[PDB]
């Protein structure tokens, strides 16, 4: 059984479970409606996302879920991250309630708004999106949190087009990861990892800045796939040689200098998220919406 925490505990009959949002091998997430989430307003419903364990689940699976929830509690609230909203831990299965992003992940979001060959994105929108992710990371970095898998897939979009970093409190042991394991879409995660993290198993804020650069590339290609057709072994050889991706079309020289700056071979020489936030702020201001 779990110890109760009156800070986040919500009654089970106050949560109306709905349709599934997706599964995996660890757990599953479902859409739901929560009544009286806020103490002040107990007669209004709020759409939320609920994470739970699956059927044949180990004690390790359960321990990881608890860890994720605990990390979120300590980290605190921020507009550009998926925030914790409550939990059902007593007399039943564990339910972790978080904010709901109705427009899916950033990759999907971008791909659906590409030009034809329903909604479109201006240059300012793209830069604004980048600015939001940098702010989220800046906050997370301030609370000593290292993401380890920052990518477009792990960034969700709300109904009012707000970017929110997801899966940041995840518990994933180093040296147990499969480099050859692919994603649901068919991409390899090793393609977002800084060289030092990929070869020497060293994760830091600076390694997350490297992944942010690949994320910038994903934004300006509207959801492109990095290193398409490149297997793991050839990826290693490209990184050892200093290879860097080419500048996407309809990207300014200034934004492609930023990407390169994030991909600096020496980790101390890349910009911090505090700096990235400042630069993107000035760029958003000067970028056309026409």
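Residue numbers count along the first chain shown, from 1. We call the rigid core whatever largest set of C-alpha positions still superposes within 1.5 Å between the two forms.
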Problem - Between 82-90 and 142-150, larger RMS Cα displacement in 7 other deposited structures of this protein after core fit - result: 82-90
Handout entry: More variable segment, 251-259 or 62-70 [Cα RMS over structures in 7 other deposited structures of this protein, core-superposed]
Key = 62-70
Handout entry: residue 117 dropped in a third or more of the other entries
Key = yes
Problem - Coordinates absent for residue 276 in a third or more of other entries - result: no
Fill in the blank from the handout: In the entry, residues of the deposited sequence missing between residue 117 and residue 118 amount to 10 or more
Problem - Stretch with the higher entry mean CA B-factor, where the candidates are 179-187 and 148-156 - result: 179-187
Practice task
For the higher mean C-alpha B factor in the entry, choose 216-224 or 87-95.
Solution key: 87-95
Exercise for the section: Tell me, please, which of 110, 170, 163, 194 has the highest C-alpha B factor according to the deposited entry? Expected result: 170
Exercise for the section: Specify which of 243, 247, 260, 44 carries the largest Cα B factor in the deposited PDB entry. Expected result: 44
Exercise for the section: Select lowest, middle or highest to describe the third in which the CA B-factor of residue 200 falls within its chain in this entry. Expected result: highest
Exercise for the section: Rank-wise, by C-alpha B-factor, drop residue 10 into the lowest, middle or highest third of its chain. Expected result: middle
Completion exercise
Here the Cα B-factor of residue 19, set against its chain, lands in the third termed highest
Handout entry: residue 72 CA temperature factor, ranked by third within the chain
Key = middle
Handout entry: residue 236 - Cα temperature factor, lowest/middle/highest third of chain
Key = middle
